[PDB]
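Only one chain is given next, in structure tokens, and it is the form solved without its partner chain.
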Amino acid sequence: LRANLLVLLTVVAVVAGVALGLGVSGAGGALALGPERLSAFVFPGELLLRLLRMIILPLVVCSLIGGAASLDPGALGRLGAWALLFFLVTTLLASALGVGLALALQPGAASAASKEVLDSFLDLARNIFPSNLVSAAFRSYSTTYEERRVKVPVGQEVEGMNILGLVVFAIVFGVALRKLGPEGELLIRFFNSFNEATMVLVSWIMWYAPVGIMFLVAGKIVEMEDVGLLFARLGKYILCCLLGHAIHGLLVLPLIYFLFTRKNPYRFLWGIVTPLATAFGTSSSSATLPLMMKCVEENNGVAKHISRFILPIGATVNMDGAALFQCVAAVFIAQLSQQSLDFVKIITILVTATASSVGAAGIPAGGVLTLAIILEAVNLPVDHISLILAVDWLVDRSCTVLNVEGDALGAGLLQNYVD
């Protein structure tokens, strides 16, 4: 049966990728391979990432326009308000859990070894309302400084898709098309057709997902080295992050889903195994978004409009795992510096992590850079980020899995709420 066949292929691909990476590293690794052969070996994962990122723009734009244009403005507003409330509550719970685990386990007991806040939030506001749509299709506004010796911000458009601005524009355009009446109907049809066509492409790219995922992990454990030393250095911190992610994903979110929707939450999770493993392989929520929409619509009973309206918004707003990681890292650095944490400091770490989780730049370091602003919100040293960079390759993937899982569970919860 194909639904189980794809899951079996994905699991086999992940296991074989880990085994192949360990074998290649044990046979000589990158030194035996060389940089040319290393890039050639990694290439299929890069190809999968390119295929996933190619169809992000038409999928998101058409899906959001169709979803907004298919609901009454009051109903759409209420649905969006409920979705935002769910996202905020889940992010707060994730941050609180991360802080609690970091304080309980004390990963900083071993002691064996940028952009401003206001500019970051102004950049977020600028990215919400893009200056140019075609430019927003592949560029985002970022603030840089010039020493005019007082530094002043300048800002320019740097590479990287502006998903948030496209999402906002698509929602507003769908609302306008709904308001038009008959005149807009044709356009709605057009966009709907376009979206369906993109879905067909996904149904093919999905079948290449396992073969890529294997390589996408194998090279990732071949490029790295000194696994034992890094684990001996940061075992407590890695355990804190991974345990927080596991508790939030396997206990808290399914508990909320069961409380609000009496159905089995793990049966729901079984239907999105492939997008979750794709998120782990790629470490990007936007790239695994199309597969998650496909699985949520097909494997689960979520309605088309609800899924295509909630999942694109959550893919940019809901970042539970990132908030958990940032809170854990901030607390860990606080214990490293022998500096006690105040209750006000806990409140502000929670609030800052939740606020800065929204609208991630999307680059692999985007979370890490975020922590810097966080560590500039409350006075803590920012050099220690170096050791955090030693293992970010795995923590980021663990974060991405949780980011997309929260989206899927929220879509299911809202679908039940409408029912």
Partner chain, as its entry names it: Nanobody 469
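Only the largest set of C-alpha atoms that superpose within 1.5 Å between the two forms is called the rigid core. Positions refer to the first chain, counted from 1. Residues that one form lacks are left out of the comparison.
We do not show the form solved in complex with its partner chain, though everything after this point is about it.
Screening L103, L239, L255, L180 for any heavy atom within 4.5 Å of its partner chain in the deposited complex leaves a single hit, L180. A heavy atom within 4.5 Å of its partner chain in the deposited complex is found for exactly one of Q326, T274, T316, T90: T316. Site residues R2, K294 and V401 are none of them in contact with its partner chain in the deposited complex, judged by any heavy atom within 4.5 Å. In plain terms, the part of the chain that comes close to its partner chain in the deposited complex, with a heavy atom within 4.5 Å, is 302-310 out of 241-249, 302-310, 343-351, 256-264. Mapping the unseen interface onto this chain, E298 falls outside it, with no heavy atom inside 4.5 Å of its partner chain in the deposited complex. Shown alone here, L84 lies within 4.5 Å of its partner chain in the deposited complex, counting heavy atoms only. Its partner chain in the deposited complex is not approached by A96, whose heavy atoms all lie more than 4.5 angstroms from it.
Using a 4.5 Å cutoff between non-hydrogen atoms, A75 counts as a contact of its partner chain in the deposited complex. Candidate set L259, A104, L85, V200; criterion, C-alpha shift of 2 Å or more between the shown form and the other one after rigid-core fit; matching residue, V200. With the core held fixed, the Cα of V7 is displaced between the shown form and the other one by 2 Å or more.
Taking 2 Å as the criterion, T348 does not count as shifted between the shown form and the other one: its C-alpha moves by less than this amount when the rigid core is aligned. In the core-superposed comparison between the shown form and the other one, the C-alpha atom of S283 has shifted by less than 2 angstroms. Shown here is a form in which the CA atoms of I313 and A75 lie at least 3 Å farther apart than they do in the deposited complex. The gap between the Cα atoms of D392 and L9 is smaller in the deposited complex, by no less than 3 Å, than in this form. In this core-based overlay, residues 1-76, 114-148, 151-233, 359-366 form runs of three or more whose Cα positions differ by 2 Å or more between the shown form and the other one.
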